[PDB]
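This document contains two forms of one protein chain, each encoded as structure tokens and listed individually as structure 1 and structure 2.
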Structure 1
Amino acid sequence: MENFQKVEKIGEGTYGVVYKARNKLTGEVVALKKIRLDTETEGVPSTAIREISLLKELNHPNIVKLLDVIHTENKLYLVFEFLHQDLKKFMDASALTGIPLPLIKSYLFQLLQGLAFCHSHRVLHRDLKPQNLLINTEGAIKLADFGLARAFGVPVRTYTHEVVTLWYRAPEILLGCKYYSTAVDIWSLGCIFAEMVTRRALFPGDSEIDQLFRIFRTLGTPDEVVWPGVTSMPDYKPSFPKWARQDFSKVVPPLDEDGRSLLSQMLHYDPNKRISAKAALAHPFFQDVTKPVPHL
């Protein structure tokens, strides 16, 4: 920890502080994540065990790079590559200038590459949200915060229900599905996609029930034609109001026909029919993809 000089505190989570730091010997700017160990009570936090072990298996240009783990008797510090800011902060700062479409498309192409890599190596992220996605000065974006990720199995089994941040939470989970897999992460990126475009949250529910109502008000209330098995889901209610699906021309007006088509496949009710990160990369929307540097 001697090679490192703290520059500023850039964050705080449940098990310790986040720092911008600089390697005094190499000049490398990093993020230090400090994790307190419960030396007399619970030991190393189960969230840090998954996060470290999963992130060490995940070496891809669109996933935050874990550079080192520095042990002491009383702390862990995870050394991460430094990334300028999160997507939430960038969208917010872009209130008056907007975000260029080619930047939105490039970012989405990258998130999907990061995501296909995870799923390829049997990792669900389970907390995709703008706050958890990191951009640099040069036009790259990366999946970060692997605190809620887990290694899956084929076929999946019952995993933790209380998982995803509500606005990003897939309808199969909200209806208390026994099983969720890769499709839950595609949902969240669908929500992120529309939010990059409108720059407001697609479905900002107040609670689980309200979360569903908001989804149904936009996408149409699901039935058995569109989603075999909905009506037999544990938290399904035959009394749900029957809303007609709105035009995506109205849900995401700036979006072209290609983008609308992609958003629509990412936000398919039936998790089985919702597109894979792998398949989404082949969508015509990405035919003209470039890599703009953002104004920062």
Structure 2
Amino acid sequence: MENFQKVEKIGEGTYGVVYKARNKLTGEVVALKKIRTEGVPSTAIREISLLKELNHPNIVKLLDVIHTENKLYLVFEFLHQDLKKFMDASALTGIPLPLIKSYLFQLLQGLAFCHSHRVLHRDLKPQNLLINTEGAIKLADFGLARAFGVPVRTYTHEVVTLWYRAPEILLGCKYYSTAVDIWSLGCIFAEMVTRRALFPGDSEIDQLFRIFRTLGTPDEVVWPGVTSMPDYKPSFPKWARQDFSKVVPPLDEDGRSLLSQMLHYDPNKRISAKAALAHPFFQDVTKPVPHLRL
């Protein structure tokens, strides 16, 4: 828009392009998402307007909502780096456990807050986890999937990330819960520890099978009702579960137990963000500052 001067493109997703920009008035630097026939549905406007009211230190604040020329622009507070880039930069030495623990603890506080308001992210990935020089980490794009809806692709010709998708979504459940975000965060937690994606599928079935090969093929014993799910197939191969000690070495037992509860198949057995915050793993949590090269 006229009140904003674009500085550089910092993102490309399903909702559209993201640019770092400067507010001609306030002089502030912000992240600007122009959002991707009709002209923006009323339901989307009210939903986003409500999300704008959510304030939490671990959630990227939605500063302004601009509906102009039948177009939609979202103005978010700006952070200089995302977790994806930070991990790539730390791929050689790895992120120190205390920092991993701090980030996980903060992310859970963010989810706990959002979940308490019945708001979910649904498409969590390292790319939408933003960090700053002070040691904070924030979740970006919470509530947008529901506000707008899940499209088929993007305009930059890209697709969402199946790597962090919960099994109930993959199996066709259409009324999934906040538990899907916990699953995604568990996948991200494992990635920070090992420096490699946990379940990097190349298709929906490969995603599901990679999960099955590691956690074992689910059945009625561990997940009641699983065989009645929309996309469940009796013909799925039956794989045995692996020990977490081989999945996320050298994470200690506290971390492994917490990870195990975040990766439970049954959404109703999967730990909530609120309960996770009380896990023994966080007994000695602190807030270290990262070595951030901007």
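Think of the rigid core as the biggest set of C-alphas that the two forms share within 1.5 Å after superposition. Shifts are known only where both forms have a C-alpha. Counting starts at 1 and follows the sequence of structure 1.
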| property | result |
| --- | --- |
| Rigid-core fit between structures 1 and 2, the member of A140, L219, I99, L148 whose C-alpha shifts 2 angstroms or more | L148 |
| Post core alignment: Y77 C-alpha displaced by 2 Å or more between structures 1 and 2 | yes |
| C-alpha of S207 off by 2 Å or more between structures 1 and 2 on rigid core | no |
| Post core alignment: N23 C-alpha displaced by 2 Å or more between structures 1 and 2 | yes |
| Angstrom shift of the Cα atom of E8 between structures 1 and 2 (superposition on rigid core) | 4.7 |
| For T47, CA displacement between structures 1 and 2 after the core is overlaid, in Å | 10.2 |
| Core-referenced Cα shift (Å), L67, between structures 1 and 2 | 3.5 |
| Shifted regions of at least three residues between structures 1 and 2, judged by C-alpha displacement of 2 Å or more after core alignment | 1-36, 41-55, 65-82, 145-165 |
